[PDB]
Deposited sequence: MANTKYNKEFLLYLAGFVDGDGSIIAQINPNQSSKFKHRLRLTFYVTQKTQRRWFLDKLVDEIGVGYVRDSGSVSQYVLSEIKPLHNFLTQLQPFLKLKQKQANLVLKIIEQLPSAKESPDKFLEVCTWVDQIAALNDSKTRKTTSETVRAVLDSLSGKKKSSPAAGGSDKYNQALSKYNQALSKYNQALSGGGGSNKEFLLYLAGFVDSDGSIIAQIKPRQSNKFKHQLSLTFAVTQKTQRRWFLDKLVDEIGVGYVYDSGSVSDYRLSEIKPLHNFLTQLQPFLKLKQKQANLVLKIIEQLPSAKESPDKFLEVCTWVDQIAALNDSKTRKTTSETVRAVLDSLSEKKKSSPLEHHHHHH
């Protein structure tokens, strides 16, 4: 029974809350006693270009494996005993998926007894229902009804870095604008996205951080922070703990520090725009229009 470091668990709870899954399934299975088999699985999903992160997870947790599904990969942990040991330690730090973890533990503990009685089995299946209801469930087919065809500041920053590495965004932008001396306005943004159903979580962010705002559009919400001074301070505290977006955070800090110098010279303004390009290059950028090359059309002004 491996005992995990708290700082590792704190960051991982954040990352799990963002991009991880705690899943309970009822597999139809003829060779099983009650014609169904229970499956409990912990997943962390991540783009394959970042599978080193998931490979590190296997080493750190000490069990489980990584699979590759084309463009995306997953760390997977299914083995019941290590799964129980792991989730028991992760769950005090989970914020969004804590109940799921607790229910999966409850299930694992009643497994022996749930395999000896149809009554017990069915009840355990309703707990699976509860986990699926807590999850962002979409394509669930087999339910328990189907079965009823039986006959401190640092701690906050570690967690937050995990959530940021998973569901957050560190954004640098060059926005075209005639009124600006160099016809462009630099823009820096820290963002955390979450479906509006869960904006209570983003509301907490505003409180614990002290600055920033929550915005809604369609059915998703963002926590955003754009003010240069608070952003510099915030990202200075955060970046030691980031693993996926640390380089972006440092580039944003380096940009902020050079804003004075950038706003006086045309060659330094361009140079800073190339730092913006670098951030976008590190991000999973898809719809970028204005690059530094665009700004290089300053060869008129």
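- Unmodelled regions of the deposited chain sequence (numbering from residue 1, in sequence order): 1-2, 154-195, 346-362.
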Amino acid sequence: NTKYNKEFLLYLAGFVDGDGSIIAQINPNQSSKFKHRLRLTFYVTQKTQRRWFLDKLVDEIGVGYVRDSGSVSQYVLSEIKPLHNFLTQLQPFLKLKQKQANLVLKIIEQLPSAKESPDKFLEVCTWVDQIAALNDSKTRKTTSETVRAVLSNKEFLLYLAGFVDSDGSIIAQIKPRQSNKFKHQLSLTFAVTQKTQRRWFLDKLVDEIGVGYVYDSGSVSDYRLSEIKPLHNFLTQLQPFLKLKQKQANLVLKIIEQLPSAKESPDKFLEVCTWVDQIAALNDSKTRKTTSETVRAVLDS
From here on, numbers count along this sequence of modelled residues.
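- Stretches 135-143 and 178-186 differ in mean CA B factor, with 178-186 having the higher one.
- Stretches 261-269 and 244-252 differ in mean C-alpha B factor, with the higher average recorded for 261-269.
- Highest C-alpha temperature factor among 207, 165, 155, 129, as the PDB entry reports it: 207.
- Going by the entry's values, 118 shows the largest Cα B-factor out of 230, 92, 82, 118.
- Residue 148: CA B factor in the highest third of modelled residues in this chain (values from the PDB entry).
- When the modelled residues of the chain are ordered by C-alpha B-factor, residue 224 sits in the middle third.
- For residue 25, the recorded CA B-factor ranks within the lowest third of the chain. Only modelled residues enter the ranking.
- Sorting the modelled residues of the chain by their CA temperature factor places residue 236 in the middle third.
- When all modelled residues of the chain are sorted by CA temperature factor, residue 38 is found within the highest third.
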